[PDB]
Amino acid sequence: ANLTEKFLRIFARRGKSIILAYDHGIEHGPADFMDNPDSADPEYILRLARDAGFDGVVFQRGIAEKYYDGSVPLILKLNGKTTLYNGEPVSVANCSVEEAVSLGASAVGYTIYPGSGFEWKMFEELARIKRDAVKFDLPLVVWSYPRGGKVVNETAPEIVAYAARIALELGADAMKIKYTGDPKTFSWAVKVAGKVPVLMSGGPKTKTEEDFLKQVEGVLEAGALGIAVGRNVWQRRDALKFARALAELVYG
């Protein structure tokens, strides 16, 4: 019945949460995998998530189908788009909740781009996916990324706050949003999200491992549930060491 609660049981048993994000292959393509070549291998990602004690991984259906082994809770990211694309931002489902269920997913993921000239297309589709999520008792995790239209600065405190509120209004049981850069403004985003837990979208690799930790601590001060981190772990050679330190910070 309560899907936020189901999400928390599964992805935040310790009261905070670290998700290893891995939809990069479609969203950005494989170029970033070159810094740490093993990252192109989804098997490595599963081992990495498990060895670091993380709460979950995010796979596109193709990766889930060919590689998922049940060893770490899965969020199946249902839509995806490429950076090669030049239109108004849009990302459509390449899979379904029902198929995610049969692949052993514990939750489903969907990106919206509020403000886009295609914002309606994603809301329309989200309606079906939200309905399916409830039907299959799978928490819906919304990546809420305002982009297009009037959006100029994506990390502006008013834009991140709008992102968080939109996700709540649309039925998200958990959400993933960009960091504002400082914990005071980010906590307003966290507040307007209400009962719905907020994960920080990790983003591009930071100059040092130190800068990222400082961000993560900011996020926690603000009251977020934790982080959904991709590049900033698996793009690094010392992925597991750095992952473990992310664990110590977030969990203890």
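From 1 onward, residues are counted along the sequence shown.
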Quiz prompt | 173 to 181 versus 138 to 146 - greater average Cα B-factor per the deposited record | solution = 173 to 181
Self-check item: 65 to 73 or 195 to 203, whichever carries the higher mean Cα B-factor
Solution: 195 to 203
Quiz prompt | Options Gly53, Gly56, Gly226, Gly29 - largest CA temperature factor per the record | solution = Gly29
Quiz item: Lowest, middle or highest third: where is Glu154 by C-alpha B factor in its chain?
Solution: highest
